[PDB]
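Engineer: So I've got this experimental structure, pasted below with the sequence.
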Amino acid sequence: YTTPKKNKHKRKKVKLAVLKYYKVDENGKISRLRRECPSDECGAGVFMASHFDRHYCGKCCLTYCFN
Amino acid sequence: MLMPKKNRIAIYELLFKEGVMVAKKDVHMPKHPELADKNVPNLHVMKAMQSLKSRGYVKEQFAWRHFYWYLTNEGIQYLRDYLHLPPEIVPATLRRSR
Amino acid sequence: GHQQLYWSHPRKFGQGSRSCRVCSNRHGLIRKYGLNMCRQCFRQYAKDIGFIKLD
Amino acid sequence: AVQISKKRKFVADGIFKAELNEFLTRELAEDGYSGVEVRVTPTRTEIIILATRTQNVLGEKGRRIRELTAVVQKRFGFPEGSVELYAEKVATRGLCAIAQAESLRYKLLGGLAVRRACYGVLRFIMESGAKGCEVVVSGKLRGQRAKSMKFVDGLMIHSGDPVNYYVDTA
RNA sequence: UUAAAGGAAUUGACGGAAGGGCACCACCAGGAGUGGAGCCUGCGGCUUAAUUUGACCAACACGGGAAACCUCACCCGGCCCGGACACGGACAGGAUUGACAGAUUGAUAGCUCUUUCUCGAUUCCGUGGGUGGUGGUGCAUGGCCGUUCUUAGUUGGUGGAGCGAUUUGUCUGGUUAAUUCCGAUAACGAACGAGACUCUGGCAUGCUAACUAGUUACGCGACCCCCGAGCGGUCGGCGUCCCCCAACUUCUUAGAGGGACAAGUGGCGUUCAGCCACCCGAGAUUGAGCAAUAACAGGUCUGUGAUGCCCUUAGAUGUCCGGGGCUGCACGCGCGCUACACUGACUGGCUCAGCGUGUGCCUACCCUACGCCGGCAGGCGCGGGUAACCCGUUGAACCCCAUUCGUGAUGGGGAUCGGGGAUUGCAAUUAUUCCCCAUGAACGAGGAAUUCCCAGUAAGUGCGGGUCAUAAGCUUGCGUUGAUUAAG
Ligand SMILES: [Mg+2]
Ligand SMILES: [Mg+2]
Ligand SMILES: [Zn+2]
Ligand SMILES: [Zn+2]
C-alpha cells in the first residue's frame, strides 16, 4: 500500500544519434576504427567492441582478453 | 508479443497451407510439435493467433486444453497479401478433395 | 523472461508437474491407468470412458 | 513403437472418445449435434456424426468437414490418410434428448418467454411418438432469487437398471 | 392512539395428547470398545513477518488436503509482460531487442548502473479497449453432492362432496420389509416410488472349451526300501499339438441354459391375504447398487474456457524465481495407532490365502527373478514381464510345535533422546524415510458420559489399491481366524 523504496524506472536506452565508424582521408579511404569479431560468421561484418582497453563480440557474446 | 519475422512466416505458411493449427494451452513448451523445425516456442503460436482474432481473421474453440483455429475468407485474402502469394494459391479449405 | 531462469525450478517428480489433461488442475487428480483427470473431473466423463457403476 | 497394455488400451480410446465428444459439442451445438459414433480399423478409421441439420455442417462443397477432419487429425496423432468424418441424420429429431436441449437453448437466446418456449418442445417430443418426457429449466428466472420450473408430461421411470436405455438425459 | 382486532372452516407443522406400527445412525441381552496413558493426525485457542483457507446430527484422518521446494493462495524480497486490437505520436539525418566486464544482488536477474558492441519494424508511447485472477460474493447462480430421507411416500384424469381454501380416490379391519396385498367402499381407471430389475455370492462330476489353466494315465530321471524286490512309497524333476513321441475336464477360468416358487407337507388364519412349523434341497431373508414428489437461503465461485456482478490490472491480487510458513505451543476437543502382559513376550522350528497392480503421447521415473558383495537398510552384475505368458504355486500374519522368562512397571510397554550407517531428491536443517547400537517415559483395564454391531457378523490378524521421487498410524478393497448375546 506504500512502496517506500522507489524501483526507480524501466530500461530506456542510451539514444546516441550518430554512427560515424569510418574515418576518411585523402578524398576517399576505407579505414576501420573498431575491430571485427573473430567468429565464424562476421569477419569484417559486425564490429567487435571498443572499450577503454578490451574488445567484445556483441552478437555471439565471445570476448577478448582485458587488454 | 516480440514477433520475430522468421517464426511468423513459419507459422503463417502452415496456417495457409491448411486452414487449421492445433496449439495446446501451455506456454511452457519450447517446441511446437507440428512445426518442430525452427525451434518455435508456442508462445509465438498463441500470441500470433491472438492478433488474428482481434482483426477478425481467425476463429477458435478452446477444447479441453487445445486451441483449434479456422480461416475466415477475410483471413485468406489477408494471408495471400502478407505471404505475397498470387491469387490462384488457395489452401486445403476450398476444394482439394473431390 | 531471461530464459536461463524463467521456468528454472524442475517440474519433475511431484504434484508440481502432474495436471489434469481435461480440467487443468493439480489437486486430487487420478494418475491411475494414465487417466490424469481431475477427480471432480472424473465423474463427468466416466460414462463416456466406459466405466459403468454396479448398474 | 512399443505397445502398451490392454488395461491402458481401453482407457486411451475412451478418453479419445470422450475428448472429441467434448469438442464436437462446442462446434456443432448451433447445428444440432446429437452425438458421434466411432469405428477403429487398421486402415482409415471412420467417424460418423449424428447431426440433425446436416445441411449446416456441410460447407460450400463441404468445407466445414474438411477442416474438422484435420483438427482431429492434427491433434490425435493421425497421419495423412487415416481418419474421416461423415454427417448422418438422426431419425426422430425430437426423440433424443441431446438434440433439442440445444434447441431450447437457442430458443431462449431468441428472447422468448421460458414458459411458452418449453411447452413447444414439451409438445414436440410427446407428439413425435414418445412414452414420456420432462424438462427441468433451472436458473435465474423473473426474480432476484433463483428458482426452477419443471414441466413434466407423460409417464417416466426413475429407478432400476431400465433407466439406462429407456431414458436419455441431457 | 392505531390497520387491524376478530368469527368459522382448510392444509401443514408441533403437543411433557391418545391409538396402531417401525429402526442396533433406538433400547434391552451382550460383545468390542471409545472417554484414562504415550503417540499419529484434523479443529479451536494462543503465538507470529506469516502461522493462507473453506466447513461448527448433516464441521473436526474432511476439501480424496500423507505440504521438504513445486503444489500455494499467506509473509519477506527480486525479475518478467505472456497489456490482443483501434487511433495519434515516435518514427531511415538515428523507433526497439539482446549482452562480456566490473562497485551493483539473495542470485552468472544487463535488475539497475559505468562503458560499449549488437538486434531489423518486430516494437515503443499516449488514449480508448481486451485480458488474467486459488480476487470478492455459494444469500446472484448452473452443475454435482449432502440431507429431512432408508422410512413408505407422492400426483393427475373423470365422477361424488363443499360458496371456497379443499377433499374422496389414498380406508373400518386382517396382513406385509413395504399404500404390501386381501376385503370393505362415491368412487373408477391410472402414474411414480416399493417391488421387478442389474451387479454379486452360494449349486449343477450335466453342456461348450482350453501349450497363457489343469488333472489323470504313461514314458524317463533320481531317491528310499525288512532284504533286495516292485503296477511299492515321494518328487511344482522331465516328456506325451510340436506337428500326435496319450487321453480327459473333477479341480481352474468362463459363456449359455438350469435351479427356488413359499412349491410340497401339517398347524393357524374370515379357511381371504398370509403366518408358523417341518421334509427334499446347495440355497427356504446373500450382499450392494440405482432410487419419487416437494424442498434446504446445507456445502462447493479453492477443483472446471460452467458463470453473472463487483474489485484489481504493471510500484499489478497476473506470472516466475529464491527463502519462510501452512508442522509454530501455558491448554481444550474429535477420528485413530500401540499398550498396560504369562490366554503373554521372546528364540527357533513349522505349515495355509484372496482382491489386485505393474515401463509413461507430453511425463523423466515400472513390477522384480537370479547371481555376487554387505551383520542391516542397501550396492552391483545379469535376466523376465505391456502380463491366466514374468514377479508368483504371490511359502502374508495370527494361529500351531518346542525353547527361554516367572507376577516385579519385569525380557510387559517402547515413548523420549545421543552417536553412526544408507536410500529418494535440485535441496533432507525445523530431524523424508529406512537401518544399527545405546537411552527405557507414562501406562496395573480407565469417573460422568458415549459409539458401532446381531453371522462368516463383531473382533483378532495380516495383504493389496489410492496418495507416491521418497513414503501410511489415513482411506478404500481382500482373505485368514472366528464368537458369547439376540428373533424382542
Ligand atoms: Mg472449479
Ligand atoms: Mg503377569
Ligand atoms: Zn560470427
Ligand atoms: Zn475483492
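Structural biologist: Alright, I've got the coordinates. Numbering: from 1, shown residues only, chains lettered A, B, ... in the order given. Ligands and ions are numbered 1, 2, ... in the order given.
Engineer: Residues of chain A that sit close to ligand 3?
Structural biologist: A:39, A:41, A:42 (C-beta under 5 Å from the ion). Quick note: C-beta positions are derived from backbone N, CA and C, even for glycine.
Engineer: The last one sits in which helix or strand?
Structural biologist: Just to be clear, that refers to residue A:42. Using DSSP states H and E, residue A:42 sits in no helix or strand.
Engineer: ok now do it, which residues does it touch?
Structural biologist: Counting by C-beta atoms under 8 Å, 6 or more residues apart in numbering or on different chains, residue A:42 makes contact with A:36, A:57, A:59.
Engineer: Recalculate using a threshold of 7 Å.
Structural biologist: A:36, A:59 (C-beta atoms under 7 Å, 6 or more residues apart in numbering or on different chains).
Engineer: Same check on residue D:65?
Structural biologist: Counting by C-beta under 7 Å, 6+ apart, residue D:65 has contacts D:57, D:58, D:85, D:87.
Engineer: That one in helix, strand or coil?
Structural biologist: helix (DSSP: H, G, I helix; E, B strand; the rest coil).
Engineer: Okay, and which of the contacts of residue D:65 map to strands?
Structural biologist: residue D:85 (DSSP state E).
Engineer: Centroid-nearest residue for chain C?
Structural biologist: residue C:20 (2.6 Å; C-alpha atoms, centre = their mean).
Engineer: From residue C:38, how far off is that residue?
Structural biologist: Distance, residue C:20 to residue C:38, by C-beta to C-beta, to the nearest Å: 4 Å.
Engineer: one step back: what are the phi and psi values for the residue nearest to the centre of chain C?
Structural biologist: Dihedral pair for residue C:20: phi -80, psi 130, per degrees, to the nearest 10.
Engineer: Does it touch residue C:36 like I think?
Structural biologist: Yes. Assessed by C-beta atoms under 7 Å, residue C:20 is found in contact with residue C:36 at 6.5 Å.
Engineer: how about the residues of chain B that lie near chain C?
Structural biologist: B:28, B:64, B:65 (C-beta under 7 Å from any C-beta of the partner chain).
Engineer: Next, show the common contact partners of residue C:20 and residue C:36.
Structural biologist: residue C:29.
Engineer: how long is stretch D:147-154 end to end?
Structural biologist: 23 Å (C-alpha to C-alpha, to the nearest Å).
Engineer: Could you check how far it is from the centre of its chain?
Structural biologist: 22 Å (C-alpha atoms, centre = their mean, to the nearest Å).
Engineer: got a list of what residue D:131 touches?
Structural biologist: residue D:154.
Engineer: Secondary structure of residue D:29: a helix, I assume?
Structural biologist: Yes. Counting by three-state DSSP, residue D:29 falls inside a helix.
Engineer: Next up, the contacts around it.
Structural biologist: Here residue D:29 is in contact with residue D:102 (criterion: C-beta under 7 Å, 6+ apart).
Engineer: Kindly provide the distance from it to residue D:101.
Structural biologist: 10 Å.
Engineer: on that earlier part again, biggest separation within the contacts of residue D:65, which pair?
Structural biologist: D:58 and D:85 (10.7 Å; C-beta to C-beta).
Engineer: In three-state terms, label the residue lying closest to residue C:51 once chain neighbours are set aside for me.
Structural biologist: Excluding its sequence neighbours, the residue lying closest to residue C:51 (C-beta to C-beta, 6 or more residues apart in numbering or on different chains) is residue D:14, at 8.0 Å. Here residue D:14 takes the helix state, with states given by three-state DSSP.
Engineer: OK, contacts around residue D:14?
Structural biologist: Per C-beta under 7 Å, 6+ apart, neighbours of residue D:14: C:48, C:49, C:50.
Engineer: Kindly reformat those as TSV containing secondary structure and distance to residue D:62.
Structural biologist: Listed next are these as TSV, based on DSSP: H, G, I helix; E, B strand; the rest coil; distance: C-beta to C-beta, whole Å:
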residue	secondary structure	distance to residue D:62
C:48	helix	28
C:49	helix	32
C:50	coil	32
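Engineer: Out of those, who's the most crowded?
Structural biologist: Ranked by the number of neighbours (other C-beta atoms under 10 Å in any protein chain shown), the contacts of residue D:14 place residue C:49 first, at 19 neighbours.
Engineer: Pull the contacting residues for it.
Structural biologist: Going by C-beta under 7 Å, 6+ apart, the list of residues near residue C:49 reads D:11, D:14, D:15, D:18.
Engineer: Over to residue A:56?
Structural biologist: Taking C-beta under 7 Å, 6+ apart, one finds A:48, A:49, A:63, A:64 in contact with residue A:56.
Engineer: if I look at it, how far off is residue D:42?
Structural biologist: For residue A:56 relative to residue D:42 (C-beta to C-beta), the value is 61 Å.
Engineer: what does residue B:6 give?
Structural biologist: 40 Å.
Engineer: got it, and residue D:56?
Structural biologist: 33 Å.
Engineer: Which one's more surrounded, these two?
Structural biologist: Comparing residue D:56 with residue D:42 by other C-beta under 10 Å, the one with more neighbours is residue D:56, at 14 against 6.
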